[PDB]
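Chemist: So here's target.txt (compact mmCIF, C-alpha atoms).
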# COMPACT_ATOMS: atom_id res chain seq x y z
CA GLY W 1 33.67 -133.38 88.52
CA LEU W 2 30.89 -135.49 90.04
CA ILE W 3 28.11 -134.48 92.43
CA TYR W 4 27.42 -136.99 95.22
CA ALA W 5 24.03 -137.19 96.92
CA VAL W 6 24.59 -138.88 100.28
CA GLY W 7 21.92 -140.38 102.48
CA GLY W 8 18.70 -138.67 103.42
CA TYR W 9 15.17 -139.78 104.18
CA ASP W 10 12.72 -141.02 101.55
CA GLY W 11 9.62 -140.79 103.78
CA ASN W 12 9.73 -144.50 104.69
CA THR W 13 13.43 -145.25 105.26
CA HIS W 14 16.55 -143.49 106.50
CA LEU W 15 18.94 -143.97 103.57
CA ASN W 16 22.45 -145.23 103.27
CA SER W 17 22.42 -145.02 99.48
CA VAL W 18 24.78 -142.68 97.64
CA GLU W 19 24.24 -141.45 94.07
CA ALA W 20 26.81 -139.80 91.80
CA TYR W 21 25.88 -137.30 89.08
CA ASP W 22 27.88 -136.86 85.87
CA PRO W 23 26.89 -133.44 84.46
CA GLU W 24 28.31 -134.11 81.01
CA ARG W 25 26.06 -137.16 80.55
CA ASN W 26 23.22 -135.92 82.79
CA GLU W 27 23.02 -139.23 84.63
CA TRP W 28 22.98 -140.37 88.26
CA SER W 29 24.36 -143.76 89.26
CA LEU W 30 24.43 -145.58 92.59
CA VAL W 31 27.86 -146.14 94.17
CA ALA W 32 28.85 -147.80 97.46
CA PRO W 33 26.28 -146.95 100.17
CA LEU W 34 27.23 -145.46 103.48
CA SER W 35 27.86 -148.05 106.17
CA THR W 36 25.40 -146.24 108.48
CA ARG W 37 22.05 -144.84 107.36
CA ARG W 38 22.10 -141.07 107.75
CA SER W 39 19.44 -138.46 107.21
CA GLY W 40 20.22 -134.89 108.20
CA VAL W 41 23.83 -135.66 107.30
CA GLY W 42 26.42 -133.00 106.52
CA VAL W 43 29.01 -133.66 103.82
CA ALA W 44 32.20 -132.00 102.67
CA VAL W 45 35.20 -132.85 100.52
CA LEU W 46 38.83 -132.61 101.53
CA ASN W 47 41.91 -133.96 99.75
CA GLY W 48 40.05 -136.44 97.62
CA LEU W 49 37.76 -137.90 100.28
CA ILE W 50 34.08 -137.18 100.91
CA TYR W 51 33.26 -136.98 104.62
CA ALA W 52 29.76 -137.84 105.82
CA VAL W 53 29.28 -136.28 109.24
CA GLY W 54 26.65 -137.14 111.79
CA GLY W 55 22.96 -137.49 110.96
CA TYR W 56 20.17 -139.76 112.18
CA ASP W 57 19.75 -143.42 111.32
CA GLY W 58 16.14 -143.69 112.53
CA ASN W 59 16.97 -144.62 116.09
CA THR W 60 20.33 -142.95 116.98
CA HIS W 61 21.56 -139.35 116.56
CA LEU W 62 25.07 -140.01 115.26
CA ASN W 63 28.47 -138.79 116.24
CA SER W 64 30.11 -141.16 113.76
CA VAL W 65 31.87 -139.93 110.62
CA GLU W 66 32.75 -141.89 107.50
CA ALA W 67 34.99 -140.98 104.56
CA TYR W 68 34.53 -142.12 100.96
CA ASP W 69 37.44 -142.79 98.62
CA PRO W 70 36.10 -142.77 95.04
CA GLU W 71 39.05 -144.71 93.63
CA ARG W 72 38.27 -147.70 95.86
CA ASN W 73 34.52 -147.05 96.10
CA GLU W 74 34.77 -147.56 99.87
CA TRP W 75 33.58 -145.73 102.99
CA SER W 76 35.78 -145.88 106.10
CA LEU W 77 34.90 -144.83 109.64
CA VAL W 78 37.15 -142.05 110.97
CA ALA W 79 37.24 -140.28 114.33
CA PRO W 80 33.77 -139.48 115.74
CA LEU W 81 32.47 -136.09 116.72
CA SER W 82 32.54 -135.20 120.39
CA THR W 83 28.78 -134.46 120.22
CA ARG W 84 26.04 -136.32 118.35
CA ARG W 85 24.65 -134.07 115.62
CA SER W 86 21.82 -134.51 113.15
CA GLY W 87 20.71 -131.68 110.91
CA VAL W 88 24.34 -130.55 111.06
CA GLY W 89 25.90 -128.06 108.65
CA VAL W 90 29.32 -128.97 107.30
CA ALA W 91 31.90 -127.20 105.17
CA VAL W 92 35.64 -127.23 104.54
CA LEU W 93 38.05 -124.30 104.92
CA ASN W 94 41.86 -124.34 104.87
CA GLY W 95 42.23 -128.02 105.49
CA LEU W 96 39.66 -128.38 108.28
CA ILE W 97 36.10 -129.73 108.15
CA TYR W 98 33.70 -127.78 110.35
CA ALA W 99 30.59 -129.38 111.86
CA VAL W 100 28.21 -126.55 112.76
CA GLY W 101 25.31 -126.90 115.12
CA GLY W 102 22.76 -129.65 114.76
CA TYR W 103 20.52 -131.60 117.11
CA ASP W 104 21.70 -134.25 119.55
CA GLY W 105 18.23 -135.75 120.11
CA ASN W 106 17.51 -133.62 123.18
CA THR W 107 18.81 -130.11 122.39
CA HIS W 108 19.58 -127.87 119.38
CA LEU W 109 23.30 -127.12 119.44
CA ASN W 110 25.32 -123.97 119.19
CA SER W 111 28.64 -125.80 119.41
CA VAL W 112 30.98 -126.16 116.44
CA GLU W 113 33.83 -128.61 115.99
CA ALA W 114 36.62 -128.88 113.44
CA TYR W 115 38.20 -132.07 112.06
CA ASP W 116 41.88 -132.06 111.10
CA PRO W 117 42.73 -135.00 108.77
CA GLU W 118 46.39 -134.70 109.72
CA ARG W 119 45.38 -135.56 113.30
CA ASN W 120 42.21 -137.64 112.80
CA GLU W 121 40.78 -135.54 115.62
CA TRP W 122 37.84 -133.21 116.12
CA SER W 123 38.28 -130.14 118.33
CA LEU W 124 35.69 -127.69 119.58
CA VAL W 125 36.03 -124.13 118.33
CA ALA W 126 34.00 -121.04 119.20
CA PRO W 127 30.23 -121.62 119.47
CA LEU W 128 27.49 -119.93 117.51
CA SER W 129 25.47 -117.16 119.12
CA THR W 130 22.24 -119.01 118.32
CA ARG W 131 21.78 -122.76 118.45
CA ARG W 132 20.49 -124.22 115.24
CA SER W 133 19.86 -127.39 113.30
CA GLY W 134 18.91 -127.63 109.67
CA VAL W 135 21.50 -124.91 109.12
CA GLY W 136 23.18 -124.21 105.79
CA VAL W 137 26.94 -123.66 105.86
CA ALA W 138 28.88 -121.91 103.10
CA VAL W 139 32.51 -120.81 102.72
CA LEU W 140 33.35 -117.55 100.97
CA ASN W 141 36.65 -115.66 101.04
CA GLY W 142 37.99 -117.16 104.22
CA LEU W 143 34.81 -116.90 106.30
CA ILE W 144 32.31 -119.63 107.14
CA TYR W 145 28.67 -118.55 107.07
CA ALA W 146 26.00 -120.36 109.09
CA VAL W 147 22.66 -119.58 107.45
CA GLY W 148 19.25 -120.08 109.01
CA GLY W 149 18.13 -123.23 110.74
CA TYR W 150 15.82 -124.04 113.62
CA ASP W 151 16.62 -123.37 117.27
CA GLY W 152 13.82 -125.56 118.66
CA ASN W 153 11.44 -122.61 119.14
CA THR W 154 11.91 -120.43 116.04
CA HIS W 155 12.74 -120.89 112.38
CA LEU W 156 15.76 -118.68 111.91
CA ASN W 157 16.62 -115.94 109.50
CA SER W 158 19.84 -115.07 111.31
CA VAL W 159 23.22 -115.52 109.62
CA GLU W 160 26.54 -115.83 111.47
CA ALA W 161 30.03 -115.51 109.99
CA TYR W 162 33.09 -117.29 111.40
CA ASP W 163 36.62 -115.92 111.15
CA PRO W 164 38.99 -118.88 111.73
CA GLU W 165 42.00 -116.69 112.43
CA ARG W 166 40.30 -115.01 115.39
CA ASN W 167 38.01 -117.94 116.28
CA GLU W 168 34.95 -115.70 116.48
CA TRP W 169 31.43 -115.71 115.02
CA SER W 170 29.55 -112.47 114.34
CA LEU W 171 26.00 -111.82 113.16
CA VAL W 172 25.62 -110.25 109.71
CA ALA W 173 22.50 -109.30 107.74
CA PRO W 174 19.75 -111.90 108.31
CA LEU W 175 17.96 -113.67 105.51
CA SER W 176 14.82 -111.90 104.38
CA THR W 177 12.89 -115.19 104.76
CA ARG W 178 13.29 -117.56 107.71
CA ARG W 179 14.67 -120.87 106.45
CA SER W 180 15.23 -124.15 108.24
CA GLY W 181 16.39 -127.07 106.13
CA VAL W 182 18.00 -124.59 103.77
CA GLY W 183 20.68 -125.48 101.25
CA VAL W 184 23.53 -123.04 100.63
CA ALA W 185 26.31 -122.73 98.10
CA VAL W 186 28.75 -120.10 96.88
CA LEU W 187 29.25 -118.98 93.31
CA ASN W 188 31.18 -115.98 92.00
CA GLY W 189 31.21 -114.10 95.26
CA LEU W 190 27.58 -114.58 96.26
CA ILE W 191 26.11 -117.00 98.81
CA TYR W 192 22.84 -118.55 97.63
CA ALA W 193 20.27 -119.68 100.18
CA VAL W 194 17.97 -122.16 98.47
CA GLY W 195 14.57 -123.29 99.65
CA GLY W 196 13.85 -124.42 103.21
CA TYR W 197 10.88 -124.08 105.55
CA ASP W 198 9.86 -120.88 107.32
CA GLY W 199 7.51 -122.52 109.82
CA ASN W 200 4.42 -122.33 107.66
CA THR W 201 5.56 -122.58 103.98
CA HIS W 202 7.94 -124.98 102.17
CA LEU W 203 9.90 -122.49 100.08
CA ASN W 204 10.78 -122.30 96.44
CA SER W 205 12.34 -118.86 96.89
CA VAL W 206 16.09 -118.30 96.64
CA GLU W 207 18.14 -115.39 97.97
CA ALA W 208 21.73 -114.35 97.31
CA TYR W 209 24.04 -112.58 99.76
CA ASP W 210 26.66 -110.08 98.65
CA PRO W 211 29.20 -109.74 101.50
CA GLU W 212 30.50 -106.37 100.26
CA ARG W 213 27.05 -104.77 100.66
CA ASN W 214 25.88 -107.04 103.50
CA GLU W 215 22.66 -107.60 101.58
CA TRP W 216 20.41 -110.49 100.55
CA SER W 217 18.49 -110.24 97.26
CA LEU W 218 15.74 -112.50 95.94
CA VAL W 219 16.67 -114.24 92.69
CA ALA W 220 14.70 -116.63 90.51
CA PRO W 221 12.70 -119.23 92.48
CA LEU W 222 12.95 -122.97 92.10
CA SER W 223 10.30 -124.68 90.03
CA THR W 224 9.52 -126.95 93.03
CA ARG W 225 9.30 -126.08 96.72
CA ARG W 226 12.07 -127.86 98.61
CA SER W 227 12.97 -128.06 102.30
CA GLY W 228 15.70 -130.37 103.52
CA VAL W 229 17.32 -129.76 100.13
CA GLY W 230 20.96 -130.54 99.34
CA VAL W 231 22.81 -127.87 97.40
CA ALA W 232 26.23 -127.64 95.81
CA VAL W 233 28.04 -125.83 93.03
CA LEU W 234 29.83 -127.34 90.04
CA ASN W 235 31.15 -125.62 86.90
CA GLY W 236 29.18 -122.48 87.35
CA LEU W 237 25.81 -124.07 88.16
CA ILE W 238 24.11 -124.45 91.56
CA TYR W 239 22.32 -127.77 91.95
CA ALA W 240 19.30 -128.21 94.23
CA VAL W 241 19.02 -131.92 94.98
CA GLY W 242 15.97 -133.58 96.39
CA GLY W 243 14.12 -132.22 99.39
CA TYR W 244 10.53 -132.22 100.60
CA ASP W 245 7.73 -130.07 99.19
CA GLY W 246 5.45 -130.49 102.23
CA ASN W 247 3.59 -133.46 100.76
CA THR W 248 6.24 -135.65 99.05
CA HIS W 249 9.96 -136.46 99.24
CA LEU W 250 11.54 -135.41 95.94
CA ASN W 251 13.79 -137.17 93.52
CA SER W 252 13.98 -134.20 91.17
CA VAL W 253 17.07 -132.04 90.79
CA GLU W 254 17.33 -128.56 89.32
CA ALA W 255 20.30 -126.41 88.34
CA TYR W 256 20.55 -122.61 88.56
CA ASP W 257 22.59 -120.72 85.97
CA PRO W 258 23.50 -117.20 87.20
CA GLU W 259 24.11 -116.09 83.61
CA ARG W 260 20.41 -116.78 82.94
CA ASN W 261 18.82 -116.26 86.37
CA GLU W 262 16.93 -119.46 85.62
CA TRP W 263 16.55 -122.89 87.18
CA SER W 264 16.24 -125.92 84.91
CA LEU W 265 15.38 -129.50 85.78
CA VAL W 266 18.12 -132.05 85.12
CA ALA W 267 18.10 -135.83 85.56
CA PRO W 268 16.31 -137.07 88.71
CA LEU W 269 17.74 -139.20 91.47
CA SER W 270 16.96 -142.91 91.61
CA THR W 271 15.67 -142.52 95.17
CA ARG W 272 13.75 -139.57 96.54
CA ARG W 273 15.35 -138.01 99.56
CA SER W 274 15.31 -135.04 101.89
CA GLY W 275 17.89 -134.29 104.52
CA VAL W 276 20.44 -135.31 101.89
CA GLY W 277 24.07 -134.21 101.93
CA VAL W 278 25.55 -133.05 98.63
CA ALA W 279 29.28 -132.94 97.87
CA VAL W 280 31.32 -132.18 94.75
CA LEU W 281 34.51 -134.12 94.02
With the file now loaded, output its structure as structure tokens.
Modeler:
Amino acid sequence: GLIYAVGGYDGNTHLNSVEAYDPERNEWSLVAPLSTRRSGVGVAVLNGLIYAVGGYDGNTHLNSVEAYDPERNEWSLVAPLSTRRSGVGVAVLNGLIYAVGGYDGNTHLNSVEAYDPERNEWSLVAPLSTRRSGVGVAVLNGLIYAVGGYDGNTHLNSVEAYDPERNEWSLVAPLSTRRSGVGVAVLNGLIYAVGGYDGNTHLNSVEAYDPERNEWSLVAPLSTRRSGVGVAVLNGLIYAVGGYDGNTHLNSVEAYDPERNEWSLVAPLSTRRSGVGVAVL
């Protein structure tokens, strides 16, 4: 019932701070910070813990992973990734947390690893066709979608879908707009790709993917252009948290209602941040 904004970069500092949003009161409050500063951090929720995966602390690309227990307001280090990953996409499916792509400081990655909390171990699974950081990762109907990113030479529109039962990725319809630093979330059978950077424009446009038709459609744009934006869904609204408009790191937050095809600003974060991970618990 709360949205957590985890880490990021405010333009001067790599952040360890963590803010929690109560939608019923429209307020953010600061909770226990991460132990390690992390921008470009991926976050996901499994069995009552929020996992913060990878990122960059301003001098080290991280393979470390910490887990937050809200009842104790405490982050604990868990098993590290096998590969250091900033700009990593992270999502949960069927009891595993997947860490998709990223950047290890020297190369954009196509590798993907999965964390099993029953084992406290990460294991490599099948790699992506195209290496990518700043990739959005969404889960819909038993498939993981890796959306956009940056391969080190090109801002990507390609979209790959992972079937865990066959351990295989396949390319589906690409985004209409290339998007690195894109936020993604799933609501009522559509995947929304929110904002990002296409290599020359910080985007306020938003597109939605229907898997049945293998088609992306443009929907209402954000009121503010946002790359490095954190995105998550709660109670029928998609929240776009923070980001960077090309000139300033943002503390504003907007919510998309599919019943209205409209975005509306809600309460802003205490600290501006891009490269922020957003989780719902």
Chemist: Using all atoms listed in the file, which residue out of W:51, W:28, W:122, W:197 lies closest to residue W:157?
Modeler: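 Using all atoms listed in the file, the shortest distance to residue W:157 belongs to W:197.
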Chemist: Applying 9 Å and all atoms listed in the file, which residues near stretch 162-172 of chain W remain after dropping the ones on its own chain fewer than 2 positions away? List them as a CSV table (one decimal) with C-alpha atoms, in the coordinates of the input.
Modeler:
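Okay, result32.csv is ready:
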chain,number,residue,atom,x,y,z
W,93,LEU,CA,38.0,-124.3,104.9
W,125,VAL,CA,36.0,-124.1,118.3
W,126,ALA,CA,34.0,-121.0,119.2
W,127,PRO,CA,30.2,-121.6,119.5
W,128,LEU,CA,27.5,-119.9,117.5
W,129,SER,CA,25.5,-117.2,119.1
W,142,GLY,CA,38.0,-117.2,104.2
W,143,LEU,CA,34.8,-116.9,106.3
W,144,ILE,CA,32.3,-119.6,107.1
W,145,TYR,CA,28.7,-118.6,107.1
W,146,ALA,CA,26.0,-120.4,109.1
W,158,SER,CA,19.8,-115.1,111.3
W,159,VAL,CA,23.2,-115.5,109.6
W,160,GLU,CA,26.5,-115.8,111.5
W,174,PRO,CA,19.8,-111.9,108.3
W,211,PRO,CA,29.2,-109.7,101.5
W,214,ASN,CA,25.9,-107.0,103.5
Chemist: Just the number, please: distance in Å from atom CA of residue W:88 to atom CA of residue W:100, one decimal.
Modeler: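 Distance between the two atoms: 5.8 Å.
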Chemist: Pick out the residues sitting within 9 Å of residue W:58, and hand them over as a ChimeraX atom specification; count all atoms listed in the file, and ignore anything fewer than 6 positions along from it in its own chain.
Modeler: /W:13-14,37-39
Chemist: Tell me which protein, DNA and RNA residues are within 6 Å of residue W:182, counting all atoms listed in the file, leaving out same-chain ones fewer than 4 positions away, and put them as a PyMOL selection string.
Modeler: chain W and resi 136+194-196
Chemist: Please produce a file of the residues just selected, as a PDB file, in the coordinates of the input, where the atoms kept are C-alpha atoms.
Modeler:
ATOM      1  CA  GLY W 136      23.180-124.210 105.790  1.00  0.00           C
ATOM      2  CA  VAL W 194      17.970-122.160  98.470  1.00  0.00           C
ATOM      3  CA  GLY W 195      14.570-123.290  99.650  1.00  0.00           C
ATOM      4  CA  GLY W 196      13.850-124.420 103.210  1.00  0.00           C
TER       5      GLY W 196
END
Chemist: Find, counting only C-alpha atoms, the residue in W:19, W:254, W:121, W:198 that gets nearest to residue W:266.
Modeler: W:254
Chemist: From the list W:276, W:156, W:173, W:191, which residue is nearest residue W:139 when using only C-alpha atoms?
Modeler: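 Of W:276, W:156, W:173, W:191, the one nearest residue W:139 is W:191, counting only C-alpha atoms.
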Chemist: What are the closest atom pairs, with distances in Å to one decimal, for each residue of stretch 158-190 of chain W lying within 9 Å of stretch 228-231 of chain W, using all atoms listed in the file, rows by chain and rising residue number, as CSV?
Modeler:
residue,atom,partner,partner_atom,distance
W:180,CA,W:228,CA,7.8
W:181,CA,W:228,CA,4.3
W:182,CA,W:228,CA,6.2
W:183,CA,W:231,CA,5.0
W:184,CA,W:231,CA,5.9
W:185,CA,W:231,CA,6.3
Chemist: Show which residues sit within 9 Å of residue W:117, as a PyMOL selection string. Count all atoms listed in the file, and ignore same-chain residues fewer than 6 positions away.
Modeler: chain W and resi 46+95-97
Chemist: With only C-alpha atoms as the counted atoms, please give the residues lying no more than 7 Å from residue W:17, apart from itself and same-chain residues fewer than 2 positions off, as a PDB file with C-alpha atoms, in the frame of the given file.
Modeler:
ATOM      1  CA  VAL W   6      24.590-138.880 100.280  1.00  0.00           C
ATOM      2  CA  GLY W   7      21.920-140.380 102.480  1.00  0.00           C
ATOM      3  CA  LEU W  15      18.940-143.970 103.570  1.00  0.00           C
ATOM      4  CA  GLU W  19      24.240-141.450  94.070  1.00  0.00           C
ATOM      5  CA  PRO W  33      26.280-146.950 100.170  1.00  0.00           C
ATOM      6  CA  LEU W  34      27.230-145.460 103.480  1.00  0.00           C
TER       7      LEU W  34
END
Chemist: Ranking W:133, W:217, W:141, W:247 by minimum distance to residue W:90 and counting all atoms listed in the file, which one comes first?
Modeler: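 Closest residue, counting all atoms listed in the file: W:133.
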Chemist: How many Å separate atom CA of residue W:102 from atom CA of residue W:130?
Modeler: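 About the pair atom CA of residue W:102 and atom CA of residue W:130: they are 11.2 Å apart.
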Chemist: Choose the residue, out of W:261, W:107, W:224, W:120, that has the smallest atom-to-atom separation from residue W:249; count only C-alpha atoms.
Modeler: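 Checking each candidate against residue W:249, we get W:224 as the closest.
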Chemist: Could you state the separation of atom CA of residue W:5 and atom CA of residue W:253 in Å, given to one decimal place?
Modeler: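 Straight-line distance from atom CA of residue W:5 to atom CA of residue W:253 works out to 10.6 Å.
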Chemist: Using all atoms listed in the file for the distances, tell me which of W:27, W:225, W:45, W:10 is nearest to residue W:67.
Modeler: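 Ranking W:27, W:225, W:45, W:10 by distance to residue W:67, first place goes to W:45.
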Chemist: Using the file's own x, y and z axes, so that the box edges lie along x, y and z, what centre and edge lengths in Å (one decimal) does a box around every listed atom of stretch 40-48 of chain W get when 5 Å is added on each side? Give it as lines of an AutoDock Vina configuration file.
Modeler:
center_x = 31.1
center_y = -134.2
center_z = 102.9
size_x = 31.7
size_y = 14.4
size_z = 20.6
Chemist: Could you tell me, as a PyMOL selection string, which residues have any atom at most 9 Å from (33.8, -143.8, 103.9), counting all atoms listed in the file?
Modeler: chain W and resi 33-35+49-52+65-69+73-78
Chemist: Print the selection's residues with C-alpha atoms to a file, as a PDB file, keeping the file's coordinate frame.
Modeler:
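In the end it all went to again_19.pdb:
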ATOM      1  CA  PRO W  33      26.280-146.950 100.170  1.00  0.00           C
ATOM      2  CA  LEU W  34      27.230-145.460 103.480  1.00  0.00           C
ATOM      3  CA  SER W  35      27.860-148.050 106.170  1.00  0.00           C
ATOM      4  CA  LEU W  49      37.760-137.900 100.280  1.00  0.00           C
ATOM      5  CA  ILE W  50      34.080-137.180 100.910  1.00  0.00           C
ATOM      6  CA  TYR W  51      33.260-136.980 104.620  1.00  0.00           C
ATOM      7  CA  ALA W  52      29.760-137.840 105.820  1.00  0.00           C
ATOM      8  CA  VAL W  65      31.870-139.930 110.620  1.00  0.00           C
ATOM      9  CA  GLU W  66      32.750-141.890 107.500  1.00  0.00           C
ATOM     10  CA  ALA W  67      34.990-140.980 104.560  1.00  0.00           C
ATOM     11  CA  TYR W  68      34.530-142.120 100.960  1.00  0.00           C
ATOM     12  CA  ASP W  69      37.440-142.790  98.620  1.00  0.00           C
ATOM     13  CA  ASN W  73      34.520-147.050  96.100  1.00  0.00           C
ATOM     14  CA  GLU W  74      34.770-147.560  99.870  1.00  0.00           C
ATOM     15  CA  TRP W  75      33.580-145.730 102.990  1.00  0.00           C
ATOM     16  CA  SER W  76      35.780-145.880 106.100  1.00  0.00           C
ATOM     17  CA  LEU W  77      34.900-144.830 109.640  1.00  0.00           C
ATOM     18  CA  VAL W  78      37.150-142.050 110.970  1.00  0.00           C
TER      19      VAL W  78
END
Chemist: Please work out which residues fall within 12 Å of (26.5, -140.7, 124.6), coordinates as given in the file, with only C-alpha atoms counting, and return them as number ranges by chain.
Modeler: W: 60-64, 80-85, 104-106
